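Below you'll find only one chain, the form deposited in one PDB entry, shown as structure tokens.
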């Protein structure tokens, strides 16, 4: 009788990746978890880390794949099936190359850019029609490849603004859930 929203933060396992650009999705997820007030516990029938509760005035299932990017879909798909969550009710948080650093954009569907985790999720759901909270990390230092770039840590110049950026993404996520796509992206977007 409740029919939720599934919020998924993308990132890789492990100390080793805790501070990479590719782990912004996790950071935002940890903040949302803090706002909900509980810790992540493993959802045994899916293997992902799940937090359940109220967020932005509604019922929310917060998750973090405990599997690696390439395979996030194998837990996110089942997890969505577990709660009968439609694609339109799924929100995925991720780092974005096609947008400058600190810029946050909200989108429904469309290409998944160079993000291998998004690729996985869409391939598991059978559709690209889910909401994305894109957190800008920017384009590459001239010849360094995308994938490797997102697997590196933030430069210290970046490291300082990251905590603020994450809170803002968390706010934009609550804004999306509370008000809806159009209203939220009109508040969050400027040239």
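Positions refer to the first chain, counted from 1.
Higher mean CA temperature factor, per the PDB entry, when comparing 22 to 30 with 161 to 169: 161 to 169. Higher average CA B factor: 143 to 151, of the stretches 143 to 151 and 121 to 129.
Comparing the listed residues 109, 86, 102, 78, the entry records the largest Cα B-factor for 102. For residue 6, the recorded CA temperature factor ranks within the lowest third of the chain's modelled residues.
Residue 50: CA B factor lies in the lowest third for its chain, per the PDB record. Residue-level temperature factors show residue 61 in the lowest third of its chain, judged at the C-alpha atom.
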